[PDB]
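The form deposited in one PDB entry is given below as one chain in structure tokens.
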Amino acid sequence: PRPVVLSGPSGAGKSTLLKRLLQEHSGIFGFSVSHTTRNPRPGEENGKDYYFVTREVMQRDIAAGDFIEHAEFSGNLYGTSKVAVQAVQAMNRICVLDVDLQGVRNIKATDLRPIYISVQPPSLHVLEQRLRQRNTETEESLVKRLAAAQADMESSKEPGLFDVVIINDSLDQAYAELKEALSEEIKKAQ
């Protein structure tokens, strides 16, 4: 199955849509479990949301060549390990990736050959309004995420970068566009 790379600004809803996509389509999709050095959030599960490792363990895995790609966000390391993608491929499931723009760039040079989907908010201020109204992290983490969102949004205008660009006006609308873009591949796996 062709992998699916979900990107876009952090907080724009790509993870909410991803979770709904996997829950609605049992047996079809598998989530790529990235490594990260950031602290886990309450409710996040090691080996399910991320492989939560120390910086020392992350650098050792990097040096061993464990990662298809790795990146930095807010002073922490993230990466897609070969094992995380191979684990889904060994299930014959559609592997779904959730990475930032730099991950998209590096994945372009690999043999994965996925479909690239960007999940964009309607505007930078609407994204901040949604994240501030949530009020789930400090001003430092929020602003660091919003600063990264500015760069992620401007690059969605690059021709050929993303196969599909979804603007999250509402989560139901954005999910309907996600299912349409993957309709042929879902039908194939089904």
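One rule holds for the numbers: they count along the sequence shown, beginning at 1.
This protein has a second form, the form deposited in another entry, left out of what is shown; the following refers to that one.
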- Message: Comparing the chain between this form and the one not shown, one rigid part rotates relative to the other; which of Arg93, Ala64, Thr138, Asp169 lies at the hinge?
- Response: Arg93
- Are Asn168 and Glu72 closer or farther apart at their Cα atoms in that other deposited form than shown, with the shift being 3 Å or more? farther
- Message: Quick one: with a 3 Å or larger change, is the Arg20 to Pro42 CA distance smaller or larger in that other deposited form? Answer closer or farther.
- Response: farther
